[PDB]
């Protein structure tokens, strides 16, 4: 008797790529993993601010000029009238509001999980960004394309085509090497999940970076094939754990 949660995500111009975002995938992973009923409302980049304002979703940050900056994912929960932005806030909301669903925040782990993503962001998200950003622009619909190109380039001071070198693959490998040695501190048979034998939001956050690569580059691309080869296939084994949680409603 629960009404579907409305989940706001950014579409693409090809069905296989409809769900592509690294941050929106954090929320889709949580929704899927927790087994909550939802529907995706697909929102183009330049329409994000408008939709947020229209539903009372807060902005998640300020621009360099101090002006409000609105981002997805956002969810609207008809069952409680909650409207929540930012994937971390959304995860904790769902944990708290649907306590019967599978837990992603075991006690005493919230700082550790937060710190983990602070390590992953610069060392894994940033290299993957450089690797895929041109192909991201390519998979977006036209109104989204102009907004995306204009924003990212203004920030990067560089044409999108001029980003994405071999230095990025080196940096990615090094960041993953540190995550690999962290996982290994759990000991053999426990070294594919941060807590060894259960999934946390932090694991899904890492997976979100990986699936962003796979969807942007293409599951059959040389780039994805190269990723699956890193560290004797460890991240292939990592991602295989989350295959059942990748449903997209298109």
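Numbering follows the first chain given and starts at 1.
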{"item": "Greater mean Cα temperature factor according to the PDB record, 30-38 or 220-228", "value": "220-228"}
{"item": "Entry-level comparison of average CA B-factors, 114-122 and 169-177, reporting the higher stretch", "value": "169-177"}
{"item": "Options 194, 207, 185, 52 - largest CA temperature factor per the record", "value": "52"}
{"item": "Relative C-alpha B-factor of residue 164, binned into the chain's lowest, middle or highest third", "value": "highest"}
{"item": "Third assignment of residue 11 from its chain's C-alpha B-factors", "value": "middle"}
{"item": "Cα B factor band for residue 153 (lowest, middle or highest third within the chain)", "value": "highest"}
{"item": "Entry-reported Cα temperature factor of residue 79, expressed as the chain third it lands in", "value": "middle"}
{"item": "B-factor third for the C-alpha atom of residue 21 within its chain", "value": "middle"}
